[PDB]
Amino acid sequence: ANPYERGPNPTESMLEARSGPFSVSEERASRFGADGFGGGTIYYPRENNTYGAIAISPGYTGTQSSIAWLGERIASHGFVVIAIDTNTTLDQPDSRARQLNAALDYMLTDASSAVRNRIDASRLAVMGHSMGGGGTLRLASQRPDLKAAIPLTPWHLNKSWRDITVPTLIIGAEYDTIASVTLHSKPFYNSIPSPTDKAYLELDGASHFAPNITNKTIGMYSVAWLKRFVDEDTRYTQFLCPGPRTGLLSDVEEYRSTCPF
């Protein structure tokens, strides 16, 4: 048995629902007590166990409320998740990366015992929107010990992520005019070296701001990716390989992966 497996056996329906099988509580990390970032809200399962821990960054102009739905959603599938605020809302991607790292360290030793007792410190991941997705790529590049990375409509000036060894799912938006997939997501995905496990999922019809409102496709595939890689849960492989149907009527415009993993 996998010592990391949590929760009931998955179904597509369960993954698309507004809330997973775990009840979520919240702990507020204030700006002034949080070293190296602007504070945040830690969402965690009420059910006592150890879980993987995830930090999620907003983008330029955004705050924790811009990604809170997704932090809660993910925690409700059995994860400890911090949705951060940055030191300033104008912070650039690589500052965002440092702040994501500080938020992981915060959960591990500065949060309450309720939070720390629910984390397996060895199983960590990072996510983020837009410049926060650029920050996710950078942290993934600098921390190969991470179990997963999920950049959402990522923006970064650096196009080549040739040193990422962390399993990375990049979620792009078809009609993004701020971080165009042509200039941002795709080059990033193409550059992640073999044999790193990876996937690219482009949301049909979507704008740059699709990650800031509840989105069943982002919720389903973010959880499936974290389950597979943070929890070594092979019950989730079914959703990722061969992956979503694409094509004219799909919510997924395009899907690439290195399946089987």
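Just count from 1 along the sequence shown to find any residue number.
Taking only CA atoms, the mean B-factor in the PDB entry is higher for 157-165 than for the other of 157-165 and 135-143.
The stretch 191-199 shows the higher mean C-alpha B-factor when 191-199 is compared against 51-59 in the entry.
Of the candidates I119, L183, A149, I74, the deposited coordinates give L183 the top C-alpha B factor. Remark: of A224, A29, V230, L70, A29 shows the highest value [criterion: C-alpha B-factor in the PDB entry]. The entry lists a Cα temperature factor for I82 that places it in the lowest third of the chain's modelled residues.
Looking at the C-alpha B-factors along this chain, the one for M107 belongs to the middle third. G39: CA B factor lies in the middle third for its chain, per the PDB record. Per the PDB record, residue ranking by Cα B-factor puts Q64 in the middle third of the chain.
For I218, the recorded CA B-factor ranks within the lowest third of the chain. Only modelled residues enter the ranking.
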